[PDB]
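Numbers restart at 1 for each chain; the letters A, B, ... are given by sequence-line order, proteins then strands. Basis for what follows: all heavy atoms, side chains included, without hydrogens, waters or symmetry-related copies.
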Amino acid sequence: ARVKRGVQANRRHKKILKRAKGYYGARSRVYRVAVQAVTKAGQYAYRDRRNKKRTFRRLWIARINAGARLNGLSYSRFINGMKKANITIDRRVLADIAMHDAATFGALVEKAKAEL
Amino acid sequence: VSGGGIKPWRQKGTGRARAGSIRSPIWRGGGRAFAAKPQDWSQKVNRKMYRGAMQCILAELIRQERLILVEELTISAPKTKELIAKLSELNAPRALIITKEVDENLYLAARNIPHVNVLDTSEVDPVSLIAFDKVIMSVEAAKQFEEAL
Amino acid sequence: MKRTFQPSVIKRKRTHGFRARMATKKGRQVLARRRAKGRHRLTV
RNA sequence: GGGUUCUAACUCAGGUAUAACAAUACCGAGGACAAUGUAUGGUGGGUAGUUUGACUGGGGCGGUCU
RNA sequence: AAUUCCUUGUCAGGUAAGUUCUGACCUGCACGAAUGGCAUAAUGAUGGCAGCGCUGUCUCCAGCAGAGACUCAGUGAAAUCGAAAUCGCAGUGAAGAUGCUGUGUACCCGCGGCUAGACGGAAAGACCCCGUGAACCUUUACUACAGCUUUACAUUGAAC
RNA sequence: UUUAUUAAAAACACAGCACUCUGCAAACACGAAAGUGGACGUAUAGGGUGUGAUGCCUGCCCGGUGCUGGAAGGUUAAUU
RNA sequence: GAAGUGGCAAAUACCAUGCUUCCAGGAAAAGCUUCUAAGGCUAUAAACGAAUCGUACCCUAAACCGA
RNA sequence: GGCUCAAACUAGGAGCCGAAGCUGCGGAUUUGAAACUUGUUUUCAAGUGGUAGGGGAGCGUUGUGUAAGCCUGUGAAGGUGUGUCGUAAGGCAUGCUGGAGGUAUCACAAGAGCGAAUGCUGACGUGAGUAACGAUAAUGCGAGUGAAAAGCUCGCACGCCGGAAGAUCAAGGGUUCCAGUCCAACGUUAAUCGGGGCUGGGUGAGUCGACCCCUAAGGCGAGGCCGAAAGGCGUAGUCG
RNA sequence: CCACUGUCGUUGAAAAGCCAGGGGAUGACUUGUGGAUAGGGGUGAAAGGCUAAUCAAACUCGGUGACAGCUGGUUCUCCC
RNA sequence: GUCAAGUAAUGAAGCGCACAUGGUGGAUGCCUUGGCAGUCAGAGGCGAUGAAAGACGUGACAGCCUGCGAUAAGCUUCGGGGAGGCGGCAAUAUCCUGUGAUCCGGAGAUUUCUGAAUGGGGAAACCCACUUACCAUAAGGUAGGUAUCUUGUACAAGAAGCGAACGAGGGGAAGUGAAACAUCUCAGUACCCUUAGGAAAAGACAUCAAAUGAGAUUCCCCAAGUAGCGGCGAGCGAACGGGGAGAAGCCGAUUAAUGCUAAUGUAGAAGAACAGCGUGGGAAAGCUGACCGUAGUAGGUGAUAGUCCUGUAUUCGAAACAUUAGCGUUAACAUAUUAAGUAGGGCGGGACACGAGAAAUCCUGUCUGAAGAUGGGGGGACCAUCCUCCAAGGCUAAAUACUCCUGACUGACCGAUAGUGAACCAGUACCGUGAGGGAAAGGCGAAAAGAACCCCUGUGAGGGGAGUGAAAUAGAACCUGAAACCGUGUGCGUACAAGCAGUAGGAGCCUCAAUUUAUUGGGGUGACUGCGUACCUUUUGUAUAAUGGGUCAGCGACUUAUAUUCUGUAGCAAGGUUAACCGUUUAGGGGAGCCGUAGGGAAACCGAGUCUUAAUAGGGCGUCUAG
């Protein structure tokens, strides 16, 4: 029962190389370099799946800070005012309203400002 | 493997990986690490386990309506067509016939029909009982199985 | 410079030839070994 | 319990024959020695096989080892 | 001193200046009489030192000639090489960073040079240690054996 | 003369010198032995060792270890 | 369809396997000439032979030894 | 960077930012627990970083049975894309290529899975169109031939060797010798040329050499001597 | 016939050479042809030299897949 | 419109990515002419009548291979067979063949030179002879003889050398293990040497046993990893007896011919049964309907055939020669007559599982040395008693060992880096003075139908048409045709910007599909932003400036046999299970043996107990179930 491994080896290497498309030089051509490039891409994607949640909140907070300073108080006092007013709106929706609806964000800021 | 007695190069100095033989299993044309040798594949089957398995096989044939009992299956002439007609009227075109004293012309009649075999009960094996779609046993052979199992 | 081979037919045939091999018990074993391997060249 | 003598074993890498080498015969010289086998004591780097520790502020040296 | 550790010993000579050289002293760590002592003409592609001559050895390099290098045409290697979008500095850090931090600088790509770095290439460090590793050499290490030698028996006898 | 291929020398050899062995089937060497070399030589010869032309020369020590001679005593194998 | 003989110089080759010296003292066997032992030869010629193998080419080299 | 009633420090106070911690939402999974009860279902609780290592469950590959089956020239294996499915190993479908085989399922057996071993074999990169083109005795030009001429042939001139770089051999080689023809490869470039390919030819002996006769060193050696065997020696001789 | 100095060359024209110099060059010389000595053996004007680019024990094959408490490597997946 | 300020867009020497399309390369898949492992039978030699191995020749035709030998791809003859043929690459030419060729089988003739090589020599394939008879007349030809050694009467018969493994014998390591090493192990192995036969050797009791005795040798399963041996270490390791295979005992159980008889082998012969339709280059596959079968899973044929071919089942042939068996005859050798330098002993060794040990027994280098049936050997120091058996004469089948080989058949063996080193012009090329080492290299197509002719080119290569073919990116380096690597085209990006080259976002552009028309969705690209120092190994710790890797493709490392323990599972269960063997063979038989069911104690011995002890005490180990 001799087993020749060429067919299975070919489709395994082809799987890795097809996952290494778009990579520069040997990283999309030679399996030895491509396989660790694909592993490193996976590790980065795993870490960045956490860091994306980390980075978009930083973006929302910057947008809300800009919007609150545009009419009135700072971000920190605005978030305190929302908490006192019992407004459950998250920073994602808040930054969306700051960027796309200036009157609604103005009214929302007026609520937080009346609460302090 | 032929040759491979001398060290192909000196151990140190050449910048090559150290080699002891050109018939190393690492080398093309070298020997097999763990080369196969002839081996025996026969297993011991306990006597009572063999008898029990044959008993189970016969009981399951009866339960699945694969065992067909006939008084006698004798063929007058060593002719394939006659046994083909007899199995057609027995509704078992492909079958294992088990008889005591397989006749010297029932053998010749069955020797050509494709999925048809004829055996003495002393040469009936479990794989033969399980492989064929039907087993046509004579009552005499069935009694001999009774006493053997 | 002078090299190792320095050929000479008389010397070659007298030290390695068919009669020199056949004249000793061990040379005949050389010849038997060559014939068993199947060499087309028995002796120089 | 030793020496002396003898010759016949044994020795000659003596002479004379045997073409030669060897052996053989005779003669001559030795001679129970020598030499060889077995056994045995001595001697024997001529040759073989080996050993020649560990801890350790690197190892060696020193010290230590229960 | 082909020998002197201390040591460049001391004194004399030679030089402007001499840890070398020559002469002498004797305090010979640690000369010495066939593992020869002290000399010695001749000899030596032998060692040390000193001169004449001579000079690009040098001050201090210049010019020139030929063969390469350079360009064109033809042919066409090498070692190396995880992958490269392959800069400096001060830090950091498996402790000496192109790649990490901060910062400075920097438009993209050749060719001729160059060798400061890439702990550059080459050879699984020979130094050193380790391994109950190897070899070969030595001996008053151990154990053997060859050889040589001793006696007993045999070959092997006689007489006084 | 020498480290063919990093050492040519003060290293090796050398004529010369000494000690010692060797009486001839020599000592000594090869070899299992037969057979050989030594040598178709014969102590003015041959072997081993050291030293190393030549000139002047070469002192003391025999405790140690060797070598040579001796055998009174002690010890001492196989054997019986 | 021509010449083709004089002088001089001169080998490490030849005389010469000589000669002279020296010590380190200088192959062998056959062919050949003679003598016999056991048991054809010499002259004259005339006719007729002398087999086989190598022979190219390199050989201080592009041909051998160094891939 | 920049900072001085700070963006420093001391003492307080209030907000906020801030992790893969915690919560929210969805999903998987280990163990244990009440049951139509073997994942038959709904949940619940506590868990689920991991090297050496221990335990568990599977994927794929070659082969055997199942299989005289099933699929397949209306296109097998393989190759190359795409879509799709599973926690994964991987599965499935299908376009193109391909042209003759493959193998469901469940068992069974393994030459059963590769990136490393200065691993082995083949292929092909980088260096790089880079170094080099092998004695600095040297070439110029006119003709010819030719697809093409620095190199071939002829000519004129020039240069080099000339105790050779000329000539005769031996050894060694073995056709390289001569002619005709060809230029792919070989020739470190080109080549019409060649020691290259191909096809023909060429070596003539009583006197040259060998053979032959003779022997040296040294071999072998009727008998002989020695030696477990194998063999070693040696006389006459016989080679050399 | 050698191999003392230097430069060059060190992926060389060359696995030891070239060039300029150097030493011996009637002798213990150089060289051709054949022969002898064979591995713990030979041979050595002695360097452990040389014994076919191999020498403090040649080469080839065999014991042999020597042994290696050493170094390297050790190939699919997920769960505890 | 002019100026000023601000700010887009656009580029590409080249490069990146993606896709398309090639080149190179030769993986993969499928394939086979070649290998590997065996089973059942056979056979186990060839050679002086010249071997094995070779050299040179040999053809219509140049070489190599195959065959053959100057009678040279062959000659004669006897059989078979029946239309083609003069071996392969590899065709062409001249021809042969029903007056039977080619071809196959038996016999014979010829059979150069070398090689045991044998007339002498020798650098193998060469040189040189002598002699007998005959012929020739010239310088020769034909047919012989001429080695050595052994055995027989200067005469006849043998031998020699080569070649697989297995047997018997003479010599005999070391690596290794003992975690060093010397006893010991390795191992009486490797190797060297001598020499047989189809086998060999052994073999009939001067053997065991100690039971109620058995009854030669050999081999297998047990006994048993037991009893022992052992620096009592590492290791080594029986026997008795039981179950089997085979059996045999004799005094020539010898060899070699010859003739009859029977059988076999070496060539051969016959051998059933399928049509139509559709697809297709081609049918054996599809659909429909038949037929043979003592022949249905064979190999082929243009795709998958019981009915197309070759075959298969079955039935059969031999002029000649071989072999096997049976009978008869012949000629060569042998044919003991009961065993003295023997048994035993001393010394030194060796062999026995047994290493000197309390060491029996066997062998013998050395030195000795009986009794001799009123006797002697053995029964593991030795003595007595008892039992058993008669050495110093020779032989003897089977069961057992093996494969250079012949036939048949097989394989959960390989399929071109595998399997032999060798699928192919391989022990070749090549390397080495030599002994020796030692490759690479398979595939067009079903059929060569292997591309007439034209065109470019140098009458070259190479190509494009044409043609062939189902297919030509099947065009000969030819199936498929991967990857590394190198090109060409298209889209987007890229020349103010610093680093493992990605990842998470994300503008713009390009492109496909829907959609009533820029709105989504898929695909390519990726300005700009954040984060972010490869992999392996080895480590306390590696971006490490520590190791390893240039890349790709292929190959490359926990196996196998047996023993043993534990776990799971299954069958049986206080029982379970056979081994070798037999067998018409996975069945059935075979109970020898093994494990379990009892322990204690050194042991005798006793036993749910037993050991220690004076002890009944105490204490130790056991009891107080599942294998």
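Scanning atom types as modelled, no donor and acceptor separated by under 3.5 angstrom connect the side chain of A:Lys14 and the base of H:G81. At a cut-off of 3.5 angstrom, the base of I:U71 holds at least one donor-acceptor pair with the side chain of B:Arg18.
At the phosphate of E:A124, neither OP1 nor OP2 sits under 4.0 Å from any side-chain N or O atom of B:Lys12.
B:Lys7 and B:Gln11 share a donor-acceptor pair across their side chains, judged by distance under 3.5 Å alone.
Distance check, rounded to the nearest 0.5 Å: CZ of A:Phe78 to CG of A:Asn71 gives 8.5 Å.
The nucleotide whose nearest atom lies closest to any side-chain atom of A:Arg12 is, among H:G90, J:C19, J:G163, H:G90. In this structure, the nucleotide among E:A84, J:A18, H:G18 sitting nearest to the side chain of A:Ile61 is H:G18. If you check H:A110, H:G115, I:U60 against the side chain of A:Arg32, the one that comes closest is H:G115. Closest to the side chain of C:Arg39, out of J:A124, J:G437, H:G111, is J:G437. Closest to the side chain of B:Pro114, from the set I:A52, J:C17, H:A68, is H:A68.
B:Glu82 comes within 4.0 angstrom of nothing in the nucleic acid, heavy atoms only.
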Contact pattern, 5' to 3', of nucleotides 554-576 of chain J - B, S or - by protein heavy atom under 4.0 Å: SBBSSBSS--------BSS---S
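Between the side chain of B:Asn46 and the backbone N or O of B:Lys48 there is no donor-acceptor pair closer than 3.5 Å.
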